[PDB]
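Notes follow the structure.
All Cβ positions, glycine included, derive from the backbone under ideal geometry; neighbour counts span all protein chains shown. Numbers and lists here come from the model and the stated rules, or from a named source; these are not laboratory values.
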Amino acid sequence: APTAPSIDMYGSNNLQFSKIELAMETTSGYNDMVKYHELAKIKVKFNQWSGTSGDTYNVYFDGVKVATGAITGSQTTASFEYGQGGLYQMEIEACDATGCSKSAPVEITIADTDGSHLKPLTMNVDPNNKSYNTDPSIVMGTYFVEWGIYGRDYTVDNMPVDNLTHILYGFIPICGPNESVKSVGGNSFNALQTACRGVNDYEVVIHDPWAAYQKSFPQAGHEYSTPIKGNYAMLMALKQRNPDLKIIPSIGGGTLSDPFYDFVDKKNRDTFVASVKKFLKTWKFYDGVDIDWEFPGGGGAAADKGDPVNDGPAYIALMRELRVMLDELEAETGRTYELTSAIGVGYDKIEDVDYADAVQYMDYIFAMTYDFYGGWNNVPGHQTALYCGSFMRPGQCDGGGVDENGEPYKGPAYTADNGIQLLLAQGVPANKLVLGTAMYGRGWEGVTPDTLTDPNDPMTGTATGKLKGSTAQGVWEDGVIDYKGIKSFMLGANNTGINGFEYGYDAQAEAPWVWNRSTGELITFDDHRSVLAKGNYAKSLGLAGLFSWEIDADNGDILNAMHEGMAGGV
Ligand SMILES: Cc1cc(N)c2ccccc2[n+]1CCCCCCCCCC[n+]1c(C)cc(N)c2ccccc21
Ligand SMILES: Cc1cc(N)c2ccccc2[n+]1CCCCCCCCCC[n+]1c(C)cc(N)c2ccccc21
Ligand SMILES: Cc1cc(N)c2ccccc2[n+]1CCCCCCCCCC[n+]1c(C)cc(N)c2ccccc21
């Protein structure tokens, strides 16, 4: 017999609540910005402008009582806690000693990081991506990068999810030594320094919280009060659409690897592994963890770091300790968690780790069968070839021979096959190895006909420096160009060459190129034919499947060719 409560929507934060508390309007240290709570704090103001207020209120969700408290005037704030994500029909009743009066029902939101409060994501995929029916048991993986939402304008809803079994989210940094990040320039180091304020060394943080959970995406139905936004809310909604899709954070990468060189100290491993556990309990759409340590024993971005004696055993013990933690999470959640790793495959990288030992703890190894050659020097070669190319010298392929100075090769050439063979030779099972495809080229300038030793092979020439180009042509950094830019501005619709470029293919290597004779611009990449070769290769050997870097730089062609190659292998 009190007046029925009316809910004050705007005074109740629009009925948007959350188990995760996220700072939306600042950029600060990770522990300040991100706090996960077992119970969402709910706060609901309601009014009873006319008649009497009564003396007690009860809150209902879906007809079930979840809170009570005192009414003592014409305006009440109900605060209480609720543990479960989702959308519920809320009613609030006011009672006095003679009876109760319920508000009409209204939808309350409680966000959780599994995406339980979200609709399946609405997609906007380039239709050049085709439909396939590839055995769901074969891995088809790709990397999606956090920074691709800026100039590259490639957002979660753009991924051809149905053609993917695995999404690797690049990249998650680690607080601590990160000089390599500083040397890259731009805002990347400053952002990391900010994320790590008030955070212990060796713990993971979100690099760019604006990209991750702050930016409002209209295509996803984000609004001012949406408690989770950015790439991560879209990934949560993506899981709603494709529940068997694995989405896995990728920790480190080429530039963010400096902290791994201190994993020789188990205290630092303990810290890291703990932080990875809390990360996965905070961000529940994620299905495991991927370790991109580039690289045990060194020879990566960090010129002053790398220990060929101890890095490999640190890596193995890291994998065991991650697997122990993941087993805890599988026990507590009833879910399956995956442990994976992307690795260098030059002989000199592989030799510093006993992967037969490491892989017993692991689901997959992502074999980085790319970046074999590039604009970091002036020696052209195939950046992502399966086999040894025609430009290689005698004894260069297997490492038997001597270079153009008479100096012995130190080991087998950088090719996919040499890398996979070396891993198989250590005792890694083929069904745990994933072969990598390139959705980008690397290239040079100044490789003109007078530099060649074989007039029909630009891979026999000498360059002057790195390919240069504009972002409109897909060149986001010197020496590197998106596949989709190669296709638009060098190959042309027919794959025969435009704007001064010709196409060529090294059949021995299984690697294409596009070469401009007068500028001497040369670009090495993966195309439809080299990718069919790689799918046939993976199939012959019983490899787990294929993966790619990076999804934003494809137009549909590379991923299509990945599915076609895995069907068509003879
Ligand atoms: C793209 C996409 C776009 C949507 N509006 C969409 C809407 C609802 C559900 C899925 C959706 N997905 C698909 C979700 C991504 C999975 C990746 C497989 C890509 C299949 C794209 C489907 N496709 C479309 C729609 C239109 C075409 N003319 C075409 C022409 C040739 C081939 C395919 C083609
Ligand atoms: C537009 C905009 C709008 C806002 N309201 C805003 C608000 C706060 C902060 C930034 C904001 N921004 C934009 C600021 C973006 C920089 C902040 C995040 C730094 C993370 C660095 C990673 N990373 C980046 C970024 C770019 C790359 N090419 C790259 C290439 C290779 C490897 C890594 C790479
Ligand atoms: C591997 C590596 C990777 C880096 N990102 C890097 C960055 C800065 C300095 C050295 C670097 N090193 C190598 C450090 C020197 C020890 C090895 C002797 C010469 C090999 C240099 C190779 N190399 C260079 C120079 C630059 C690159 N961007 C590059 C990118 C991918 C793969 C290789 C690359």
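Within region 364-399, the set of residues being charged (D, E, K, R), closer than 29 Å to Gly545 by Cβ and more than 16 Å from ligand 2 (Cβ to nearest atom) comprises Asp398 only.
The criterion of at least 2 residues that are over 18 Å from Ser530 (Cα atoms) and either touching a helix residue (DSSP H, G or I) at 6+ places or on another chain (Cβ under 8 Å) or not assigned by CATH to the domain that holds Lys349 (or both) is met, among strands (runs of 3 or more DSSP E) falling completely within region 407-507, by 440-445. Consider region 461-519 and keep the residues that are among the acidic types (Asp, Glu) and in contact with a strand residue (DSSP E or B) (Cβ under 9 Å, 6 or more places away or on another chain). The one that is nearest to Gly556 (Cα to Cα) is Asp482. Those helices (runs of 4 or more DSSP H) of region 175-264 in which at least 1 residues are touching a strand residue (DSSP E or B) at 6+ places or on another chain (Cβ under 7 Å), considering only elements entirely within it, cover 230-241. When region 162-174 is limited to residues that are farther than 19 Å from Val204 by Cα and in a loop (DSSP other than H, G, I, E, B), the one that is nearest to ligand 1 (Cβ to nearest atom) turns out to be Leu164. So if I check each of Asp287, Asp244, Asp307, which one is surrounded by fewer than 20 Cβ atoms within 10 Å (Cβ to Cβ), more than 22 Å from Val184 (Cβ to Cβ), in the same structural domain as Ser183 (by CATH) and within 16 Å of ligand 3 (Cβ to nearest atom)? Of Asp287, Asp244, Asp307, the one residue that is surrounded by fewer than 20 Cβ atoms within 10 Å (Cβ to Cβ), more than 22 Å from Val184 (Cβ to Cβ), in the same structural domain as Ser183 (by CATH) and within 16 Å of ligand 3 (Cβ to nearest atom) is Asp307. The residues of region 528-551 that are of a type in the set (D, E, K, R) and surrounded by fewer than 24 Cβ atoms within 10 Å (Cβ to Cβ), listed by number, are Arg529, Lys539, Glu550. With respect to the conditions (1) touching a residue at least 60 places away in the same chain (Cβ under 8 Å); (2) more than 16 Å from ligand 3 (Cβ to nearest atom), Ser540 lacks only one, and its number is (1). Quick one: in region 158-177, of everything that is crowded, with 22+ Cβ neighbours inside 10 Å and closer than 14 Å to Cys196 by Cβ, which residue is nearest to ligand 3 (Cβ to nearest atom)? Within region 158-177, the match that is nearest to ligand 3 (Cβ to nearest atom) is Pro173. The set of residues in region 63-83 that are exposed (fewer than 13 other Cβ atoms within 10 Å of the Cβ) and either more than 15 Å from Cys95 (Cβ to Cβ) or not polar (S, T, N, Q) (or both) comprises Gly63, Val64, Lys65, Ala70, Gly73, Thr77, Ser79, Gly83.
Taken together, the residues in region 125-161 that are under 21 Å from the mean Cα position of the chain (by Cα), among the charged types (D, E, K, R) and either part of a loop (DSSP other than H, G, I, E, B) or more than 21 Å from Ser216 (Cβ to Cβ) (or both) amount to 3. Can you spot a residue in region 390-398 that is of a type in the set (A, V, I, L, M) and either within 16 Å of ligand 3 (Cβ to nearest atom) or in the same structural domain as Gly497 (by CATH) (or both)? No, the conditions are met nowhere in region 390-398.
Take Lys182 and decide whether it is more than 16 Å from ligand 1 (Cβ to nearest atom) and not assigned by CATH to the domain that holds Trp283. The answer is no for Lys182.
Tell me whether region 371-378 contains one or more residues that are surrounded by 21 or more Cβ atoms within 10 Å (Cβ to Cβ) and in contact with a helix residue (DSSP H, G or I) (Cβ under 7 Å, 6 or more places away or on another chain). No.
Quickly run through region 207-255 and pick out the residues that are at positive phi and more than 16 Å from ligand 1 (Cβ to nearest atom). Those that are at positive phi and more than 16 Å from ligand 1 (Cβ to nearest atom): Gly230, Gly252, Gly253. Scanning region 184-231 for residues that are among the acidic types (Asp, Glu), under 30 Å from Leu15 (Cβ atoms) and more than 10 Å from ligand 2 (Cβ to nearest atom) yields a single hit, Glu223.
Scanning region 30-55 for residues that are under 37 Å from the mean Cα position of the chain (by Cα) and surrounded by fewer than 17 Cβ atoms within 10 Å (Cβ to Cβ) returns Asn31, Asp32, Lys35, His37, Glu38, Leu39, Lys41, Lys43.
If you go through region 86-124 and keep only what is small (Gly, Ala, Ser), in a loop (DSSP other than H, G, I, E, B) and under 23 Å from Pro218 (Cβ atoms), you end up with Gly115, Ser116.
Cβ-Cβ contacts under 7 Å between residues 6 or more apart (or on different chains), taken from a first residue in region 186-199 that is within 16 Å of ligand 3 (Cβ to nearest atom) to a second residue that is of a type in the set (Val, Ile, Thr), are listed as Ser188/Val181; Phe189/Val181.
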